[PDB]
Amino acid sequence: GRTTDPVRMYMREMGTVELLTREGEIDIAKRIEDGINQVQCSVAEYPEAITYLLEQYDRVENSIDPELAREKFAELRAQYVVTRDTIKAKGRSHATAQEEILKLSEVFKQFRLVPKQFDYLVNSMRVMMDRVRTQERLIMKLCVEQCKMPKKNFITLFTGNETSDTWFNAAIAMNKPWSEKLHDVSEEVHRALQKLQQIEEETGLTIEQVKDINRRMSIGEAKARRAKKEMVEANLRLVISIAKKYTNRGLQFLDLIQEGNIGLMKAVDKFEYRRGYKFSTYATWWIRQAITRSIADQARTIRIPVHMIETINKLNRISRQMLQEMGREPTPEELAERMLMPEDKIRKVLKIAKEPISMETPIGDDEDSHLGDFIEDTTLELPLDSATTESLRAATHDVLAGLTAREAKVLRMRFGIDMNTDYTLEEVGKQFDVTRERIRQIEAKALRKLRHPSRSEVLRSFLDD
Amino acid sequence: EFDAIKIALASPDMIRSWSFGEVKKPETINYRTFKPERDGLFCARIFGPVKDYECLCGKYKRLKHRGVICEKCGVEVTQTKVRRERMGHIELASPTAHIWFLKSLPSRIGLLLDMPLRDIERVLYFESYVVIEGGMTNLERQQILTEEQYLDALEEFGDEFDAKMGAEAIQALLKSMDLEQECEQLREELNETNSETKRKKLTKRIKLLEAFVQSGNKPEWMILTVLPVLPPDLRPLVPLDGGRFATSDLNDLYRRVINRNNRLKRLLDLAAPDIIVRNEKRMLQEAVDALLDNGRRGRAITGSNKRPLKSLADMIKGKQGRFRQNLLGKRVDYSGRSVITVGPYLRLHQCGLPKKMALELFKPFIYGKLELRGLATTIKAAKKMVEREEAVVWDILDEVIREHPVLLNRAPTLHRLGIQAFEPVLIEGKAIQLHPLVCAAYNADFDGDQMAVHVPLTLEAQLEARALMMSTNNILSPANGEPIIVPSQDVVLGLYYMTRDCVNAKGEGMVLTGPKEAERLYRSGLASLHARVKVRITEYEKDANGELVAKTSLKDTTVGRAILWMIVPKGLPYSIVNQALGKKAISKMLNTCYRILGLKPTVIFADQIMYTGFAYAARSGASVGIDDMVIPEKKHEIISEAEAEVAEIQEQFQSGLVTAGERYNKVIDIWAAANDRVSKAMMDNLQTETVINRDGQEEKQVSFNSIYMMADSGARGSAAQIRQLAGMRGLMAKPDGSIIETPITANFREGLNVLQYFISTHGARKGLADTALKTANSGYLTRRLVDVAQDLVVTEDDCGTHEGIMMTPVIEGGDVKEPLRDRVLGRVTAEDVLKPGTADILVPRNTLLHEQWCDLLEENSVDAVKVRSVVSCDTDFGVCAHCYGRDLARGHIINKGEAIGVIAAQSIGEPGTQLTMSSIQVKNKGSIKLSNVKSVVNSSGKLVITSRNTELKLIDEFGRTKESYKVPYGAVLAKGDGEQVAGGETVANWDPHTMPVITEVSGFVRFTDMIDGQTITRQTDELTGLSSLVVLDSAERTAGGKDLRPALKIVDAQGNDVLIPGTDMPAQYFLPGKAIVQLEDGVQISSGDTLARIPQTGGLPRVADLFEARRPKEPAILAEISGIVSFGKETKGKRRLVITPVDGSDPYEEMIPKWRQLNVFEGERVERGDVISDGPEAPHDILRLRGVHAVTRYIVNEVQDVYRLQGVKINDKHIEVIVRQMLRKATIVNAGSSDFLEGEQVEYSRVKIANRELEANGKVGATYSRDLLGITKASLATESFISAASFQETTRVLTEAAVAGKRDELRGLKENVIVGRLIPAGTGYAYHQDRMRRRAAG
Amino acid sequence: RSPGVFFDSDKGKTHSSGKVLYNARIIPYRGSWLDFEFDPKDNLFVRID
DNA sequence: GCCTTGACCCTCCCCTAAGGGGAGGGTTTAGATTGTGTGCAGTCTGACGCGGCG
Ligand code: 118
Ligand SMILES: [Mg+2]
Ligand SMILES: [Zn+2]
Ligand SMILES: [Zn+2]
C-alpha cells in the first residue's frame, strides 16, 4: 500500500466513520439500554435452577425510606407467586404464561444500569446451559468411533422430537446396513442421555424451550454489544485529540492512543443519556484517567509508586514559582519552609528522580569508546587471596596433627573444619556420651597447648590482617 | 570435549526446554532497597541468587544446605555465577514473523510459498485477506482479496471457503503445504520448461525444498510463538559512583515487548472492536522486529538521547561485534609498553629492559623464588618485601630473568618479522634499548616510536620462543630469499670512507708484512688510511672434501682494506674487500658469507661489521656546511637562454602563427630541456672536482665533498634531491594535474619567493593526503587475501604427478627483464630436461634446483624448463612438499605442516603501501626467426605474410631468444627469414596511421558486390583523379543498399573466382564500413598489392581488480570452437556472426555491435581461443577456452607487471597459492549415475574423490567445468559457516546456514582460534594428526 | 556552505554515452530542499528533499 | 588424670494499653471539546543482484 507506518495505517482505517449528532448518540444509547433489558426479560420465566431474586432482596438485608425499600419488592413477587402457578397447564409454553411473564417484563423495564449483580444471575444459567451442550457432545464422541451415519436426519429429529429413543426407529426405515452395525455400545449413548435426562429432572423442563428462548436471549446480548461497538467506533477522534498533549513523557504516540481507547470503552459503558449532558463531557474524564494512570505505571525503568510521583510533581511545581520569584534556585531549606515537611524528607525525595544512563554513551572525541568499556567486575577474588587461603588451610592441617586424634576430632567438630557443618556441645557429646562440661574442659586443654610458642609461630604468620 | 558445531531452527518446545520460568512483567528492581522484583526481568527466583549461597529473604545461608529451595522466596541456595547461564521465555498472545527469514533477500517465506514479497507484506499488516482453503468454489489457495470481495464471497458462498489475515494466515499456509509431493512435481515438470530463465529459479526452489526435507526442520517454525530471554548478567544494571545507574539497551527493548503483549491479553478479554485489536497486533509485530534487528523494516527506534537503540543483531556483526573484537583478538595479562631508544653495544640476541618494568612483569616468579630460599615465610610477607624494594629482591630478579626470552612487538604488524624474541639485559632508566640492526624488519626508528613487551610463561612457549622466533634465526626474508639485516646509514658511511683511496697520501709506497703492521702504522700517526701500499696477505679456499687450503701473495692495496681484512672469516676471497665499498657490496659480502659458510659465522660477521663501521664513521668527522652545496656558475646563463626562447615563442603567438595549445606544449619542453642542462652542469661540477697534485703536478680524482660522499655511498640521499638543494626545483603541477607554465628557478640554498612557495604547497598536501587514504585500501586488501588463503597447509610429501608449468624468461617490453635463473631457483623439475643436444640428463627428475644446478644450466644455454606448481597438485586438502619447493627463509625443502597461505597473503600485502595507486629496429646481431606465419612473395621483391598473430624473434650466438616482437597484419616484411642481420637495420615497415590488407594471388580485379545506391559513393578526388568504389560511414548510409557489404573481387581469365592453391576458396574478403579503397577498375594488380587499408591504470586498483576477477568493459571476443566463420541471419538489433565446423554441428551464433571492428573475414578458419576483435581479455573466457595454466600465467604476469615497475621483489609461488584458492569450485554438466544434479555447483575435491570411487568399481562418472570466483566471493562460499560468518555479512551466512541445517568440522586455523585450541599448523600439527587417527578408531 | 542557489553538473560520468548532466539546487538556512535536474533524453525533472 | 553435680550467666526474640504514622494499593470525577508535528533530516561512492516495465 506504499506505506509501512502504523500511525498512518491507523489514522486511515479510523477515518471511515462519521461523527454523530446529539440525537444520534441518544437513540444509540436508547437501544444499548433496551437490549440489556430484553435479556433481563428473557431470564424471567426460567425454572428455579436460576439464582432468581426470591431472597436477593433478603441477601443484601440516594437514601430511600426503609418502608419504601421493603414494600415495592412485594409487588413483583406478590404477582409472581400466583402467576407461575400455571407452569403445569398445557405443557411448558402456555400462552397465559407468556402474557403474564411479559407483564412481569412490563414491570422489569423500570430499571437501568447496575453492577455485575445482573451478570451473576445470567451466569446462573451459564454454568448450567453449556453443561447441557457439552453432555450431548459426549454421546457423539461415543457414536462416531463405532458407526458412520448421516448427521442431518439424526440431529434434525434429535432437535425435533426429544420424547424418547423412538426416533432411533427412524434410522432403520431406509433399510441400509448401517442401521444396527452398532454393537454393544448403545447403552453408553443411553448412559449419557440418561444422565442428561436426570439433569432434565432437576430442571423439570425440556431442552427445546430453554434453548428456544435462549435463541432470543442471545439476540439482546448481541444487540447491546453491536450498539456499544458503534458507539465506541464513532468517537476515536476524541481520544486522538486528547492524547496529543501527553507526548514526550516516556511513552510513544500509539501507546497513548491505545491507552485512551480502554478508557473510552468504559465511558461508553457508564453513560446515562437521561441526565441531559453530552457524551464528550462525561467521556473526557475516563480518557484522561486511563492515560494518566498508564504514564505513572510504565515509562520508567525503575518504577516509582503513585504517591511518590505526586510528591515529586508538587515539589517541582513549588520550585518553579520560587525560581521565578527569587531569581535563583532555592536551597532545600527554602523548599522545606514552604512545603512544610521535615528537611530530611526533602533531602530524601531529591535522589529518586534519576533515570539510568545507557552503556552505549560515547565518551570521547571518537565514537568507538563507550561508557560500558570502563566498568569493572567487583565480585572476583584476587589470586593472592586464593593462594593465602590454600596455604593457611595446609598450615592448619599440619598443626592439627601434633595432638591426639580423639582430641583433634573434637576441634574438627567444634569449628566445622573439613565437615559440612558446625556442631554444638551436646550433639558432639552425643557420640562421646561425655558430659556437657568435659567437652569445654578438653577444648580449654587444646587451645591452651596450641598457643605454646613451640607451635604458634607457624600460624601467627597469617594473622596480620 | 567435542568434535563439531551444529546450527538449525528452534521449535517452541526447544525454546521452552532451555528456560527456567516465564517473565511476566517489566519490573526490574525496587527503588528503595535495590532488590530484584518478583517475576520481572531481573527476578531471582527464575535466574538465580544475587549472593553466594544465600536466599533473598535471608532465612538460609552458610553452604550447609546446598540444594534446598527456600519456601518463602523460592530462591535456591547456590552460587551466583549461574546468573550468566539461565534463560527465560515470553509466551506471545499472537504469532509474529521472524524478520530474518522474511526480509533478508531472497526471502525464505516467499521462496517456500512462491509468493511475492508485496502480497506477504500486505497480508501481514491486516490490509488484505488471503485464501487458505478453496473448498468447492472458483477461489483457490493463496488468492488475495479485499474487504469488499471478502463480503461478496461470504454472502455468496458462505462457510466452504477460508480466508484469514495477519501472521496466523501465513502460519496456516506454511503449515498446510506438502514438501515431498511439491518437489517431485517440480522434478518431472521442469524438463519441458528447462529454459534458462526458469531453470535457475526452479533448481533453486528444488534445492531449498530438498534442504528442508532432509535437515529435519519444519517450515512453520519461521513464525514465532515463544520468545527467549537472555540471562541478566549479560545485560546488566549497575550502580556507578554517585548513586547513578547504568543499563544496557536490551532492557529498554524487552520492556516494550512485555507491556505491549500484556495490553493485548487485556483487550482480548474486554472483547473490544477489531479496529483496536488489529492496531495492537501491528504494534506487537513492530516491537519484536525492533528487538531482533532494529533498523531493518522501517525507522529505527531511538532512546531518550536521540540515538538508535542497539539490538541483538548489532552485538554480533560488524567491526565492533563479538567476532572481531573479542574472539579474534583480545587483551592480555603479563605485558607492557614503553618508548624505544638505541643501544649500540648489544649483541644480536639481546635487548635492554628497564628494572621497574621487569619487576612488575615477573612478580609471581619472584614470590615463588623468594619463598623457596626461605627468605620469606608466607606469600603475603614476600609481597611486602617486594613492595619495599630490599636488596635481595634485585638479586632474585637477576637469576629469574636468566635464560628467559621476551617477545617484542611494534604496530602495525605487516609481516611475521614484526614480532621477535630476545634475551633481556637489565638497565636503569625507563626506555627500552633495541639493537641497531633489527630496526629494518620492524620499520622502526627513534623519532618517538613505542614498543610492546610480552612474557611467555610455560615450558613449550619458552622452547618455541628460543627455536622459532629468536632474532638470530630470522636473517633471511620469507617473501624473497634475500638477507634482511643489511647495514643502513653509518656502518655504510664508515666502511666507505675507510676503503677509499687518494693520490699523494702520507706514507705512500711502503711495503708491509701483513694487516697487523698496517694497523700499527695507522694508530701511530705515520701512514694514512687512504695510502697506496703493498701488503703480503694469506687467504684460504676450499675445494677439498670440506677442508681449507691456504695461499699467500703480495697485493697492491690501501691501508684501510688491510685493516678491514682482519674481520673477514676464513674461506672468503680477498677480492671482496679490495673495492671501495657501498651498500650493495656489503649486501654481497653478507650473502656470499651465508652461502659458503652458514648461519653462525654470518651472525658474528654482521656484528663485527657494525662495530667497525660505527668506530670509523666517528673518527672520520663528517659534517655538513653551507659551502658544501655548490651551485654551478653557468646556471645564470642557461636561465636567460631559456627566457629569450620563451619570449620569441610568445611573439609568434601574438602575431597569429601558432595555436594556443601548441604554444603551451612548446614552452613546456623548452623549460624541461634547460632544467636538464642545469642539473647535469651541477652534477659534473661536484662529482670529481678535485685537482689534487702529485709528486710533480696536478691530476683529477673523485671528490671528498660530504654531500656527494653520503649520496654516492648509498647512506642517505639521491641525485633527485641534490638537484633541489643545488640545482633548480623545476615544474609544478596544479591540484588538477595540469602543469604550471613558469617553473621554479630557485633552490633551497638560495630561497624561494612567496609565490613559488605557495604553488609548491599544493603537491605537498596532495601527497600527504594520498598516503593516509591509501593505507586503508592496502589493509582491506590484505584482510581479504588472508581470509581466502588461511586454511592451506603443506599436508603430504609427494603427490606423484607429472604435470607442471613451462618457465622461460620474460623478454618483452625491451631487454630481458627477468632472467631464467631468478625463476627456477628453488623449484622442482617436472620432467627430465636435457641440454640442447639430446639425452643430456641432469636429473632423477625430482631435483631441487639449488645454485649449482642453476650455474650448470647457465654454462650451457637452455631457456625453458618444465617445473612443478601448486595449481597442478594432486593432493586434496593441502599441497605436497615437492610441488611447493624451497622454504624461502630457511634455504631447504619445505617442512610438512607449514602454514603457506598466511605467508603468501602477508608477503603480497606488505609492500602494497609503496604502489602508486612506426618501424621495428634491432639492437644486436643474430638470426631472425618467425612463428605462427603464412607467407607470400611481393611484387616489389619483398616478403609479405597473411598471418595476423605471428611472432618475430631474434636468435643469439647459441640459440637463446633475446628479443621478440609481433608485426601488424598486412605489413610488408622488408627482409625474409633465416637471416643473420646486424644491429641498426630495419626489418619491417608499417604505416603509423594506416595498415594495408593485401590480395591472395595475381588475378584480374572486378568491381562487383556493390551498386550505386549502396553504401558506396562515386566520390572521386577532384584534384588528383583517383577513385575506387569507396566504402562509407553510417552517416552516408543507405539502409536498402547494405544488402551486400561492398568488396571488389578477383577473377580468372574465366571471369569467375580465382583458384587458391590447396582449397576451393573464395579469394576475396568483404570489409566493414568506412574503408579507404582507391584501386582502379580495369587496371589490374599482382599478388600482394595494396587493395584496401586500415585507417585509425596501475597500482593498488589494478591488483585488487585482478584478484577480484572483474570483467573489463570492452572485452575481446574469442572463438568458441574451431570452424569456418561467416555472417549469420542478420537480425538487425545488432550484427550476427556464426562459425561452422567442417564436420560438426553449428547452433552457436551470437551478437556483435557494429562499433566492434571485426578482424576476421568470411573466408577465415579460426581455432579455439583466438580473438575476433581487440580489447582487454576476460579471465573467465581464458579459463573456459584455454586451460588452467593459461589463466594462471596471465594472472601472475599481470600482477608482477605492477610490482616490478616499482622495484618490489616478490617470488612467484605466493601468487600461485592465491590462484589455487580462487579455483576451488566446479559445475556439473552431465551427472551420469553420480548422485549430483545437472547444473549444481559443487566443491571440486568432492567431485574428484567421488569419481575416483565410482570409476574404481567399473562405473560411469560425472563431467564438469571449472569456475573462477573472486577472493571475496570465494571466502564466503567455503564449507564452514564459522569462518564465513566471522569474515563478512553475518546475517546472510547465519540465515542460510540455519535453514540449511549445516555443521562445522573445525579444520581451518580460524575455527580453532575462535574456540581456543591448538591450530593444525606448526608444532600443533602432530597433535591434530593423532586426534584424527582416533577418528578412525572411535 | 552559504545558503542560496548552486548550479552543478556531472561531467560525462553517470551515463555511458559520456554526456554531461546539469542540475540546480536551492538551499535555505532552515526549510526543505528543492532541486531541478536534466536526464539523458533532455527532460527537466524536480524533486523535494 | 576421666568424669559427674549444682550453680550461675549471656544473648535473642516476643509481650504488655490504646492507639499513631506511614507505605502502597483500590475507586470515581456529568457545561463542551472529535485527524500528529519537529520552527524534523534531507548529506558518500562503487559494485552487485533482482524485479518491473517496455
Ligand atoms: C491539567 C489539565 C487537566 C487536569 Sb483534570 C482535574 C484536576 C483536578 C480537579 C478537577 C479536574 C484530570 C482528570 C482526569 C485525570 C487526570 C486529570 C480535567 C478533566 C476533564 C476536563 C478538564 C480537565 C489537570 C491538570
Ligand atoms: Mg618512528
Ligand atoms: Zn529464602
Ligand atoms: Zn603435489
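Just so we're on the same page: letters track the sequence lines, and every chain starts at 1. No hydrogens, no waters, no symmetry mates; every other heavy atom, side chains included, goes into these values.
- Among residues two or more places apart in sequence or in another chain, the ring-ring contact (aromatic ring centres under 6.0 Å, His included) test is passed with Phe101(B) by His98(B).
- Every ring-ring contact (aromatic ring centres under 6.0 Å, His included) that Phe34(B) has, sequence neighbours left out, goes to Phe245(B).
- Straight-line distance from the CE atom of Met11(A) to the P atom of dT34(D): 15 Å, rounded to whole Å.
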Residues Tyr246(A), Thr292(A); criterion side chain to side chain contact (heavy atoms under 4.5 Å, CB included); working and verdict: CA-CA 9 Å; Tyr246(A) 291 101; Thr292(A) 286; 3.9 Å; yes
Could you write out DNA chain D as dot-bracket? Rules: Watson-Crick or G-U wobble, both distances under 3.5 Å, brackets [ ] for crossings, | for pairs with another strand, dot for unpaired. ......................................................
Given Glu233(A) and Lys228(A), is the salt bridge (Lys or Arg N to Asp or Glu O under 4.0 Å) satisfied, shown in steps? CA-CA 9 Å; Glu233(A) 294 174 23; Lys228(A) 260 165 193 167; over 6 Å; no
Going through the checks in order, is the side chain to side chain contact (heavy atoms under 4.5 Å, CB included) test met by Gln298(A) and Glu259(A)? CA-CA 11 Å; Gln298(A) 306 151 21; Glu259(A) 286 294 338; 4.0 Å; yes
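- With respect to the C1'-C2'-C3'-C4' torsion, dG39(D) shows a north sugar, the value lying on the positive side.
- Of all the residues in residues 28-37 of chain B, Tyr31(B), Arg32(B) reach under 4.0 Å from DNA chain D with at least one non-hydrogen atom.
- For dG37(D) and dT38(D), a centre-to-centre distance below 5.5 angstrom and a plane angle below 30 degrees are both found for the six-membered base rings.
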Would you mind building the protein contact string for nucleotides 1-13 of chain D? One character per nucleotide, 5' to 3', B for base within reach (heavy atoms under 4.0 Å), S for sugar-phosphate only, - for untouched. -SBB---------
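- The furanose ring of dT29(D) falls on the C2'-endo (south) side of the pseudorotation cycle, as its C1'-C2'-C3'-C4' torsion is below zero.
- Between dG31(D) and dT27(D), the distance separating the two P atoms is 23 Å to the nearest Å.
- Partners of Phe279(A) according to the ring-ring contact (aromatic ring centres under 6.0 Å, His included) rule, which considers only residues two or more places apart in sequence or in another chain, are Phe271(A).
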Apply side chain to side chain contact (heavy atoms under 4.5 Å, CB included) to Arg266(B) and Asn262(B), showing your working. CA-CA 6 Å; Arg266(B) 261 153 74 204; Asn262(B) 285 341; 5.8 Å; no
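- A positive value of the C1'-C2'-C3'-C4' dihedral assigns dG42(D) to the north, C3'-endo side.
- Both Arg25(C) and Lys266(A) lie close to DNA chain D; mapped to their nearest nucleotides by heavy-atom distance, the more 5′-ward contact belongs to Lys266(A).
- For residues 247-257 of chain A, the pairs satisfying salt bridge (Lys or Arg N to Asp or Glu O under 4.0 Å) are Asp255(A)-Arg260(B), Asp255(A)-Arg263(B), with sequence neighbours left out.
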Nucleotides 49-52 of chain D: which of its N/O atoms have a protein N/O under 3.5 Å away?
unit_1  : atom_1 : unit_2     : atom_2 : d
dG49(D) : OP1    : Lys1273(B) : NZ     : 3.4

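- Within the structure, every side-chain polar atom (N or O) of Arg1111(B) is placed at least 4.0 Å from both OP1 and OP2 of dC48(D).
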Can you give me the N/O atom pairs linking the protein to nucleotides 40-42 of chain D at distances under 3.5 Å, or say none if there are none?
unit_1  : atom_1 : unit_2   : atom_2 : d
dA41(D) : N6     : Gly31(C) : O      : 3.2
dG42(D) : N2     : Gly31(C) : O      : 2.4

Below 3.5 Å is the cut-off: list the nitrogen or oxygen pairs between protein and nucleotides 29-33 of chain D, distance only.
unit_1  : atom_1 : unit_2    : atom_2 : d
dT29(D) : OP2    : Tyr282(A) : OH     : 3.4
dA32(D) : OP2    : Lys278(A) : N      : 3.1
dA32(D) : OP2    : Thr281(A) : OG1    : 3.4

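- The neighbouring residues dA30(D) and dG31(D) do not form a stacked base step, as their six-membered rings are not both less than 5.5 angstrom apart at the centres and less than 30 degrees apart in plane orientation.
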List the steps and the verdict of side chain to side chain contact (heavy atoms under 4.5 Å, CB included) for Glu13(A) and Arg278(B). CA-CA 10 Å; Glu13(A) 196 171 329; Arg278(B) 279 177 199 148; 3.2 Å; yes
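- Seen from the ring of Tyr780(B), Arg784(B) counts as a face-on cation partner, given the 6.0 Å and 45° thresholds.
- Looking at heavy-atom distances under 4.0 Å, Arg303(A) makes contact with sugar-phosphate atoms alone, never a base.
- For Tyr10(A), there are no ring-ring contact (aromatic ring centres under 6.0 Å, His included) partners two or more places apart in sequence or in a different chain.
- The side chain of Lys13(C) has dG46(D) as its nearest neighbour among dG46(D), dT34(D), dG25(D).
- With sequence neighbours left out, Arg112(A) forms a side-chain contact (heavy atoms from CB on, under 4.5 Å) with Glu33(A), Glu272(A), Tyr273(A), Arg274(A).
- Pucker check on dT28(D): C1'-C2'-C3'-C4' negative, sugar south.
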